[PDB]
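Visitor: Structure supplied as structure.tsv; contents: TSV, C-alpha atoms.
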chain	number	residue	atom	x	y	z
G	253	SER	CA	136.45	300.58	37.59
G	254	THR	CA	134.74	300.03	40.94
G	255	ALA	CA	136.72	298.27	43.67
G	256	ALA	CA	137.11	294.61	42.72
G	257	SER	CA	134.56	293.51	40.11
G	258	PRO	CA	131.94	295.09	37.79
G	259	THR	CA	128.82	293.13	38.71
G	260	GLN	CA	128.70	289.75	40.46
G	261	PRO	CA	125.58	287.66	41.29
G	262	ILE	CA	124.25	288.06	44.84
G	263	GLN	CA	121.21	287.10	46.92
G	264	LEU	CA	120.87	283.76	45.16
G	265	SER	CA	124.37	283.22	46.56
G	266	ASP	CA	123.15	283.44	50.15
G	267	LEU	CA	120.54	280.71	49.73
G	268	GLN	CA	123.59	278.49	49.21
G	269	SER	CA	125.65	279.39	52.28
G	270	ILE	CA	122.54	279.35	54.46
G	271	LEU	CA	121.71	275.72	53.69
G	272	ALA	CA	125.33	274.65	54.16
G	273	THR	CA	124.91	275.32	57.88
G	274	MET	CA	121.51	273.64	58.16
G	275	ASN	CA	122.42	270.51	56.20
G	276	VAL	CA	120.36	268.54	58.72
G	277	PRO	CA	123.09	265.99	59.58
G	278	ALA	CA	120.18	263.72	60.51
G	279	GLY	CA	120.32	261.38	63.49
G	280	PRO	CA	118.53	258.54	65.35
G	281	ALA	CA	115.07	259.33	63.97
G	282	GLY	CA	113.90	256.43	66.13
G	283	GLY	CA	111.26	258.40	68.05
G	284	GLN	CA	110.91	262.03	66.97
G	285	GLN	CA	107.19	262.81	67.09
G	286	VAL	CA	106.03	260.30	69.69
G	287	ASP	CA	108.82	261.78	71.79
G	288	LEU	CA	107.63	265.35	72.25
G	289	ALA	CA	104.03	264.22	71.84
G	290	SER	CA	104.63	262.16	74.97
G	291	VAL	CA	106.44	264.93	76.85
G	292	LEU	CA	103.70	267.45	76.06
G	293	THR	CA	100.60	265.26	75.99
G	294	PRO	CA	97.42	267.03	74.73
G	295	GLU	CA	96.27	267.39	78.34
G	296	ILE	CA	99.47	269.36	78.91
G	297	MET	CA	99.18	271.55	75.81
G	298	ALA	CA	95.39	271.80	75.96
G	299	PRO	CA	95.27	275.51	76.95
G	300	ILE	CA	98.39	276.11	74.86
G	301	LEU	CA	96.63	275.35	71.59
G	302	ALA	CA	93.52	276.91	73.10
G	303	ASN	CA	95.28	280.26	72.92
G	304	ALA	CA	94.10	282.23	69.89
G	305	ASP	CA	97.64	283.58	69.61
G	306	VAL	CA	99.06	280.06	69.50
G	307	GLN	CA	96.34	278.92	67.12
G	308	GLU	CA	96.80	281.93	64.85
G	309	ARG	CA	100.48	281.02	64.49
G	310	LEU	CA	99.96	277.26	64.29
G	311	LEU	CA	97.13	277.55	61.78
G	312	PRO	CA	99.32	279.25	59.10
G	313	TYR	CA	102.15	276.87	60.01
G	314	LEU	CA	99.91	274.10	58.64
G	315	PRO	CA	100.76	272.80	55.13
G	316	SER	CA	97.57	274.56	54.04
G	317	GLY	CA	94.38	272.49	54.25
G	318	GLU	CA	94.10	271.58	57.93
G	319	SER	CA	92.83	273.67	60.84
G	320	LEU	CA	92.40	273.81	64.63
G	321	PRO	CA	89.30	274.42	66.85
G	322	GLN	CA	89.30	277.34	69.30
G	323	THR	CA	88.62	276.54	72.96
G	324	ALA	CA	90.37	273.82	74.96
G	325	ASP	CA	87.17	271.85	75.56
G	326	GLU	CA	86.99	271.26	71.81
G	327	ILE	CA	90.69	270.49	71.42
G	328	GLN	CA	90.15	267.62	73.85
G	329	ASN	CA	86.73	266.71	72.42
G	330	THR	CA	87.48	267.30	68.74
G	331	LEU	CA	90.98	266.70	67.38
G	332	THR	CA	91.75	263.01	66.87
G	333	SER	CA	95.51	263.20	66.34
G	334	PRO	CA	96.22	264.32	62.72
G	335	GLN	CA	96.12	268.04	63.54
G	336	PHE	CA	97.59	267.54	67.01
G	337	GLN	CA	100.57	265.58	65.70
G	338	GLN	CA	101.16	268.35	63.21
G	339	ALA	CA	100.45	270.88	65.94
G	340	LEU	CA	103.37	269.38	67.84
G	341	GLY	CA	105.60	269.93	64.81
G	342	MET	CA	104.25	273.45	64.33
G	343	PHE	CA	104.71	274.09	68.04
G	344	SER	CA	108.41	273.39	67.61
G	345	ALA	CA	108.52	275.89	64.75
G	346	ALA	CA	106.85	278.63	66.77
G	347	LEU	CA	108.85	277.68	69.85
G	348	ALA	CA	112.07	277.37	67.87
G	349	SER	CA	111.23	280.50	65.90
G	350	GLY	CA	111.47	282.40	69.18
G	351	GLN	CA	107.99	283.81	68.60
G	352	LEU	CA	106.37	281.70	71.32
G	353	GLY	CA	108.88	282.76	73.98
G	354	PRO	CA	106.74	285.79	74.94
G	355	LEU	CA	103.66	283.59	75.20
G	356	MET	CA	105.50	280.83	77.05
G	357	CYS	CA	105.86	283.52	79.72
G	358	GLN	CA	102.20	284.53	79.66
G	359	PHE	CA	101.10	281.12	80.93
G	360	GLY	CA	103.75	281.56	83.61
G	361	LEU	CA	105.37	278.27	82.62
G	362	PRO	CA	108.60	277.43	84.53
G	363	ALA	CA	111.45	279.88	83.93
G	364	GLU	CA	113.51	276.94	82.67
G	365	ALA	CA	110.94	276.31	79.95
G	366	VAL	CA	110.57	280.00	79.13
G	367	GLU	CA	114.33	280.38	79.29
G	368	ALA	CA	114.69	277.52	76.82
G	369	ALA	CA	111.80	278.87	74.78
G	370	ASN	CA	113.47	282.27	74.60
G	371	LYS	CA	116.68	280.52	73.60
G	372	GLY	CA	114.84	278.15	71.27
G	373	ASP	CA	116.32	275.22	73.16
G	374	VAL	CA	113.34	273.01	72.39
G	375	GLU	CA	115.57	270.30	73.85
G	376	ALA	CA	115.98	271.98	77.23
G	377	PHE	CA	112.34	273.07	77.14
G	378	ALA	CA	110.84	269.59	76.91
G	379	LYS	CA	113.60	268.39	79.21
G	380	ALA	CA	112.31	270.81	81.82
G	381	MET	CA	108.88	269.23	81.46
G	382	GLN	CA	110.35	265.73	81.48
G	383	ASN	CA	112.18	266.65	84.69
G	384	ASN	CA	109.20	268.41	86.26
G	385	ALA	CA	106.65	266.07	84.68
G	386	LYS	CA	106.19	264.69	88.19
G	387	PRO	CA	103.31	266.73	89.75
G	388	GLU	CA	104.61	266.64	93.32
G	389	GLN	CA	104.63	263.01	94.45
G	390	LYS	CA	106.77	262.36	97.52
G	391	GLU	CA	105.05	259.37	99.13
G	392	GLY	CA	108.22	257.54	98.10
G	393	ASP	CA	110.31	260.08	96.18
G	394	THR	CA	112.67	261.95	98.49
G	395	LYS	CA	116.38	261.12	98.44
G	396	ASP	CA	117.67	264.00	100.56
G	397	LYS	CA	119.83	262.32	103.19
G	398	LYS	CA	122.02	259.37	102.19
G	399	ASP	CA	122.72	257.76	105.57
G	400	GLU	CA	125.10	259.86	107.65
G	401	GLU	CA	126.11	257.15	110.11
G	402	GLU	CA	126.84	259.33	113.14
G	403	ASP	CA	127.61	256.04	114.89
G	404	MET	CA	129.27	252.66	114.36
G	405	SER	CA	127.59	251.15	111.31
G	406	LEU	CA	125.89	247.82	112.01
G	407	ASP	CA	126.16	244.91	109.57
Using structure tokens, write down the structure from this file.
Guide:
Amino acid sequence: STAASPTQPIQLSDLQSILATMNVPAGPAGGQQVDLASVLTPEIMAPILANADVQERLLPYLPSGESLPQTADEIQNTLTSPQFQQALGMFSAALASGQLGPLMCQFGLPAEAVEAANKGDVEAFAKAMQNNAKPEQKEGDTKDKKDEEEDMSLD
């Protein structure tokens, strides 16, 4: 007397198909926190967490109980590691949530990082930093030309 059934249970049915996709297949946990924490050392994310916007999102992300300073000077002369380590995890949530994308652009961070941040490719984001981690050293890092022996090679 409707179309198929009278009244079937819903909503609570979605919370079942939504977890089926995110069953967290789990993988080589060997290095998960110390990984990103090393790619985005505090000195690298100093201003990041110094941003009220970033702090306002990271603060609530906390399991309720912890907190974060305000300025960068304090972040480097205050936090010991407990909040920072968690901050790294929360950073992935905000970055993966796609809510940090906009901010990731404010700082003017590389387009590859913002592009990954907008895509939530936390993997390509940190990768961009791991690939650009090098400030600009070239005193021995420049493999442009291979050899191009425009003449009889000597051996």
Visitor: Counting all atoms listed in the file, which residues of region 321-359 of chain G sit at most 10 Å from some atom of region 373-397 of chain G, and what is each one's closest atom pair with its distance in Å to one decimal, listed by chain and rising residue number, as a Markdown table?
Guide:
| residue | atom | partner | partner_atom | distance |
| --- | --- | --- | --- | --- |
| G:343 | CA | G:374 | CA | 9.7 |
| G:344 | CA | G:374 | CA | 6.9 |
| G:345 | CA | G:374 | CA | 9.5 |
| G:347 | CA | G:374 | CA | 7.0 |
| G:348 | CA | G:374 | CA | 6.4 |
| G:350 | CA | G:373 | CA | 9.5 |
Visitor: Within 8 Å of residue 337 (chain G), counting all atoms listed in the file, which residues show up once you throw out same-chain ones fewer than 4 positions away? Write them as a list in words, please.
Guide: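 My list of contacting residues is residues 285, 289, 333 and 341 of chain G.
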Visitor: When you look at residue 356 (chain G) with a cut-off of 8 Å (counting all atoms listed in the file), what residues show up, excluding the ones that are within fewer than 3 positions of it in the same chain? I need them as a PyMOL selection string.
Guide: chain G and resi 352-353+359-361+365-366+369
Visitor: Would you mind listing what lies within 12 Å of region 297-302 of chain G as a count of residues only, with all atoms listed in the file counted and same-chain residues fewer than 3 positions away left out?
Guide: 47
Visitor: For CA of residue 351 (chain G) and CA of residue 280 (chain G), quote the distance in Å rounded to one decimal.
Guide: 27.6 Å
